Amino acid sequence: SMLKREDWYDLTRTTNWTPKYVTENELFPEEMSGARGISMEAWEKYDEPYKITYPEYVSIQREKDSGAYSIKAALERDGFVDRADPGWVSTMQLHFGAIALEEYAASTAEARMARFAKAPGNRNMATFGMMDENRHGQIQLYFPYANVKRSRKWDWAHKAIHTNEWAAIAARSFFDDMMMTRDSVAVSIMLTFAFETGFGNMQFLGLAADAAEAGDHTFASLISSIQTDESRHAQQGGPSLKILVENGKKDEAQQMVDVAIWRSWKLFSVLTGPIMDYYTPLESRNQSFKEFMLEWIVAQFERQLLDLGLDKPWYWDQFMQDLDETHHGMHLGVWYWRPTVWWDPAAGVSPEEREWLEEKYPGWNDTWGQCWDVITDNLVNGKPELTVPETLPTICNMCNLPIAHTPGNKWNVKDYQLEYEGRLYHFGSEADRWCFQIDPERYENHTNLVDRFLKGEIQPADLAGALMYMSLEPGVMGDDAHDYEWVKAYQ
């Protein structure tokens, strides 16, 4: 017969001991552990809500891959990608490029906790988390690999994070800050609590639904399978926060959460917001990016923070307001500077789409709509060259994304500059600048693409040179997803 899991589970995490041949601080360097003065005994109160053992893991995870890989093989000769909406294809090329290698990098982030967390339960769950991200990086490489012969753009599923293309820099900027250069406790909070539990979880749920709605069952199965592995390790931050709040650090925990949530939001406003309100076909939009954020992301954060004894970040109201603006700017920016990304941005401004936008965001046409009005006239009148740029946009020194905001009749574009030690920094928001000011030495000498351009690091020092610097060449450089089809409605 077999024992009940509940009978022996605890022995799997009764692994702490008192070092003798080396000191505790040597075995658990503070810069890697982040125990923050809290004793080993106090950290042993850590209790992961979702428990699992090795044999259950290899068994359940074997079946998950068997199914996901079986579905792929079955739908492979079908070539759905060949007839899929260009907006959907772009969504996937973007997804794989910005995420595949960052997924793999997350296993190192997990390994950080696996070795340096003083909480035994955290160390084991992180070992399974490490395995989870190992799977995510491999499966999200194996799937797009099937499309390499279709377009060089699919090569960016692997190549992207190895380039200095602006979007890739913004990605590494976020991920390196949240999970690769933080102590164990900090990682569990900033990565698994703030980012995975707070954004990634719901996002993959909606992405898998979108895939299905688009008729892409291979991708839908892929994403929903991956998403079921999430809670097993996204759960790690919760108990760490409980321990920090119950001991002396409530403020320290709050600050990490504030930073992580804001930085997550920014990457989300450019990689997800534009997709929901502009790339997804009008008739497939079940709700707006803002509606999605309010129902599935924002409300959850408030319940989570409340249940943890933490407060809503100082920037919460502003964040709410920005749900009406930020992503519209990130979209216009990406589309206008489309040759600089590796996928084809979908304009999404046809007459029908424009009334939807007006419905979801009252005032859109008299603000964002005006820039698009000018762009549309030029396309209608044969001046396409006025729809691409001849200069670089100003880049935020924190999120590494263009500084953009409400245009038109309610012009409200602002730059939160900061002079620090003889250098002028630019920030796209009050919160981005604050992330810099609470920890200047963490970002001080990093240079964004604009900084590099101005320092002479990009040669030739022109647009063609900047494109080469970013490893972009005809074939992968972006253009309008539907090849300006939406222009015909304006003649």
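So that there is no doubt, residue numbering starts at 1 and follows the sequence shown.
- Comparing 349-357 with 90-98, the higher mean C-alpha B-factor in the PDB entry belongs to 349-357.
- In this crystal structure, the stretch out of 116-124 and 310-318 whose C-alpha atoms carry the higher mean B factor is 310-318.
- Ranking 265, 104, 296, 166 by Cα temperature factor from the entry places 296 first.
- Of the candidates 160, 130, 212, 185, the PDB record gives 212 the highest C-alpha temperature factor.
- Per-chain ranking of the deposited C-alpha B factor places residue 134 in the lowest third.
- When the modelled residues of the chain are ordered by C-alpha B-factor, residue 331 sits in the lowest third.
- Sort the modelled residues of the chain by CA B factor and residue 434 lands in the lowest third.
- In this PDB entry, the Cα temperature factor of residue 483 sits in the top third of its chain's modelled residues, the highest group.
- Sorting the modelled residues of the chain by their CA temperature factor places residue 84 in the highest third.
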